[PDB]
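Going letter by letter, the sequence shown gives residues 21 to 484, 496 to 510 in the deposited numbering.
Even for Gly, the Cβ is constructed at its ideal location relative to N, Cα and C.
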Amino acid sequence: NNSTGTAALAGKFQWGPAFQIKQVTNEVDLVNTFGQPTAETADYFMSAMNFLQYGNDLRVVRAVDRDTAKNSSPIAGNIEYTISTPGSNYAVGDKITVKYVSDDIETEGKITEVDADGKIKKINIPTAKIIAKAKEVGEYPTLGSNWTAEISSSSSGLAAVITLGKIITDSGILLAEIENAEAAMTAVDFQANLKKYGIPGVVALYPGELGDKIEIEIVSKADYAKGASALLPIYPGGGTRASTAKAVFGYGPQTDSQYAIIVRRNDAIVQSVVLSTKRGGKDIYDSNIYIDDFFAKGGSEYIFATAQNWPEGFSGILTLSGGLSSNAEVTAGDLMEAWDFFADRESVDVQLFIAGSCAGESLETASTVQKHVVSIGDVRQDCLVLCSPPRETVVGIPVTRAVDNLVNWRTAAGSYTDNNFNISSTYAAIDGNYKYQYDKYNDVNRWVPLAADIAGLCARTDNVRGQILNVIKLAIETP
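Next up, the structure:
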C-alpha cells in the first residue's frame with residue numbers, strides 16, 4: 021500500500037481495549053476508542069493522532085495495570101453486609117432501615133429472599149442516601165462503627181442479625197484479552213456478588229472511569245407489556261423510574277428468557293438490543309442472541325455481559341460505577357508485556373514501530389522500554405523500531421549541555437551510565453529531538469516525542496525527510 025505502512029504503537033490510554041491488537045484508521049476513530057489525552061496519556065494519544073496524518077493503519081495495544089485496573093460494574097455501589105443470623109418467619113418485602121447513630125438515613129431496604137422457614141437469605145439496601153450522609157461525615161467508605169441496620173417494626177417474623185461493612189468500591193472485574201473474556205465474568209468471587217446483590221452480570225467493556233457514564237436499562241418479557249407503567253428500580257442507588265422499553269422497541273422480548281437491554285451514556289441511547297439467557301434462541305433472523313455469545317463476538321462496543329446468575333425476570337436500571345482505569349501506576353514492564361504482542365511475524369504484519377512514545381515516562385522506563393522494543397524488531401527483523409530521546413535530556417537545557425547529554429546516553433559515560441540506550445541495531449533508528457505541538461483537546465501547547473511522527477513520515481515516502500506537519504517549535508534547530 022506504498023509497501024503497507026503498518027505502524028505499531030503501545031502505551032497508556034484513557035480507554036481500552038486492554039492488551040488487544042485493536043486496529044485504528046481515523047483520528048475520530050481512535051478517540052472513539054481510546055479517546056482524549058489525559059496528562060498521563062497525552063504522549064500516546066498524540067503519538068497516534070499526529071501519525072494518522074501520514075497514516076493508513078495503526079495497530080495499538082493499551083497498557084493497563086492488570087493488578088488495579090477496573091471495568092465499571094453494577095457491584096461497585098452496593099454496601100458490604102453479612103446476614104450474621106438468619107431470622108425465622110420473615111418474609112420478602114419486609115423493609116430494612118439503616119440508621120446513623122440511632123438516626124434514620126435509609127428506610128427503603130428490604131429482605132428479598134427467604135426460604136421455607138422465613139430464614140433470611142438475601143436483602144437489598146439502596147446506598148444513594150447513605151453514601152451521601154457518609155461522604156458528608158468523613159465516614160466514606162469506611163463506615164461500620166456507627167452504622168447499623170434493623171428490620172421493620174415489624175415484619176411477621178423475628179430473630180435476625182444483619183451486619184454492615186463498607187461501601188464496596190471494587191467493581192470486582194477487569195476485562196483484558198478475550199481468551200479470558202467471560203472467564204473473568206465467571207469468577208467465583210465476581211459471580212458471588214452478582215447473587216448477593218441480586219443483579220445481572222453487566223459491566224463496561226473497557227477498564228476506565230469513563231465507564232461510569234454507562235447506564236444499562238433492563239426489562240423482561242414480563243414488565244415489557246407494562247413497559248410504560250412498569251416502574252424500574254435503580255440499583256444500587258435506589259428509587260425508581262418509569263420504563264421505556266416498549267417505547268423504544270418494536271420487536272419486543274419473545275420468550276420469557278429474553279430481555280430488552282438499553283444502554284445509555286450521557287442520556288444518550290447508545291445501544292438497544294434484545295437478548296436471551298437461553299442458548300440457541302434466536303431473533304427473527306436466526307441470529308444467535310444468547311447473551312454470552314452475542315458479546316463473545318464483538319457484539320457491543322460499550323458493555324459486556326453473561327447469562328450466568330442473571331436474575332430470572334429481572335427488570336431494572338443498572339448503575340455502573342467504581343470504574344477505574346489506572347495508568348496511575350502502569351509499571352514499565354506493564355508496557356513491555358503489551359509491546360510483546362507484536363514480537364512474532366507469524367502473527368502480526370507490522371512494518372514500523374512507534375517507540376519514542378515513552379519519551380516522557382520515568383527516565384528509567386523512558387530508556388528501558390524502548391531498549392526492549394528494539395529487542396523485538398531485532399529478533400524478528402521485519403520492521404523498523406524508530407526511537408526518540410528522553411524529554412529530560414533535550415527540551416529544558418540549551419544545546420551546549422543538550423548534545424553532551426545525548427551522546428552520554430547513547431553510550432554510558434556521565435550521568436546516564438545506568439539508564440543508557442547503548443545498543444546498536446540496523447533496525448534501531450533513534451530520534452533526535454522532541455517536538456512542540458498544540459493539543460486541540462486540552463487546548464494547550466505540549467512537548468511530544470518526535471519519533472511517533474517520523475514513523476508516519478515513512479509510511480509515506482518510499483516504502484517502509497520532508498518537513499513535518501504540525502510542529503510549532505523544536506527542542507533544537509537546526510541548523
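Beta-carbon proximity check, residue i vs residue j, cutoff 8 angstroms
| i | j | result |
| --- | --- | --- |
| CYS407 | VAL427 | no |
| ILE234 | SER92 | yes |
| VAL81 | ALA68 | no |
| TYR322 | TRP35 | no |
| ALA89 | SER345 | yes |
| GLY221 | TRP330 | yes |
| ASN483 | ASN22 | yes |
| residue 492 | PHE324 | There are no atomic positions for residue 492 here, as the chain continues from 484 directly to 496. |
| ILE145 | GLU126 | yes |
| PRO410 | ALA386 | yes |
| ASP312 | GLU202 | yes |
| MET66 | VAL468 | yes |
| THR388 | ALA422 | no |
| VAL268 | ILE281 | no |
Residues near residue i by beta carbon distance below 6 angstroms, same chain, minus five either side
| i | result |
| --- | --- |
| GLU133 | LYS141 and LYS142 |
| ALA196 | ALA38 and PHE39 |
| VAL208 | none |
| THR168 | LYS119 |
| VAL368 | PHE362 |
| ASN425 | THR413 |
| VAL419 | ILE507 |
Residue i burial status per 10 Å Cβ neighbour count (16 or more: buried)
| i | result |
| --- | --- |
| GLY416 | exposed |
| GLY319 | buried |
| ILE236 | buried |
| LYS149 | buried |
| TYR279 | buried |
| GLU366 | exposed |
| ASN453 | buried |
| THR45 | exposed |
| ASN465 | exposed |
| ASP124 | exposed |
| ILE304 | exposed |
| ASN347 | buried |
| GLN43 | exposed |
| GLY158 | exposed |
| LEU404 | buried |
| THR509 | exposed |
| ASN200 | exposed |
| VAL48 | exposed |
| residue 20 | No information on residue 20 is available, as it lies outside the stretch 21 to 510 that the chain covers here. |
| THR437 | exposed |
| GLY192 | buried |
| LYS266 | buried |
| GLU156 | exposed |
| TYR271 | exposed |
| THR481 | exposed |
| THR183 | exposed |
| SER174 | exposed |
Contacting residues, own chain, Cβ-Cβ under 7 angstroms from residue i (five flanking each side not counted)
| i | result |
| --- | --- |
| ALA83 | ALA30, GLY31, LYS32, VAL350, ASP354, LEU355 and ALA358 |
| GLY497 | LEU477 |
| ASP398 | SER445 and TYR447 |
| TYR461 | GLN56 and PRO57 |
| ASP243 | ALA250, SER263 and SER335 |
| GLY333 | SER240 and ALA242 |
| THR105 | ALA179, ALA180 and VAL181 |
Same chain only: Cβ atoms within 8 angstroms of residue i, ignoring 5 sequence neighbours per side
| i | result |
| --- | --- |
| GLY185 | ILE99, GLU100, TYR101, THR102, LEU163 and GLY164 |
| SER176 | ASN109, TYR110, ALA111, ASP114 and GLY138 |
| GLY97 | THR147, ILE151, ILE187, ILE188, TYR255, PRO256, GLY257, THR339, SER341 and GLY342 |
| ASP276 | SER240, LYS241, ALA242 and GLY333 |
| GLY300 | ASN308 and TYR310 |
| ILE503 | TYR456, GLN457, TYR458 and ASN465 |
| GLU60 | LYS32, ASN347 and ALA348 |
Any contact of the region 71 to 81 with the region 308 to 319, i.e. 3+ C-beta pairs under 8 angstroms?
no
Closer than 8 angstroms is the cut-off here; do at least three beta carbon pairs connect the region 220 to 235 with the region 246 to 253?
no
Are at least three pairs of beta-carbons, each pair with one atom in the region 364 to 379 and one in the region 464 to 474, less than 8 angstroms apart?
yes
Ordered list of beta strand (DSSP E) runs contained in the region 181 to 248, each at least 3 residues
181 to 187, 221 to 224 and 234 to 240
Whole alpha helix (DSSP H) runs in the region 244 to 316 with 4 or more residues, listed along the chain?
311 to 316
Alpha helix (DSSP H) runs contained entirely in the region 404 to 457, provided each spans 4 or more residues
411 to 414 and 419 to 429
List, from N- to C-terminal side, the alpha helix (DSSP H) runs of 4 residues or more that fit wholly inside the region 129 to 166.
148 to 156
Using 8 angstroms as the Cβ pair cut-off and three pairs as the minimum, do the region 115 to 122 and the region 253 to 260 touch?
no
List in chain order: all unbroken alpha helix (DSSP H) runs of 4+ residues lying wholly within the region 330 to 405.
352 to 359 and 383 to 400
For a minimum of 3 consecutive residues, which ranges assigned as the beta strand (DSSP E) are wholly contained in the region 33 to 98?
77 to 82
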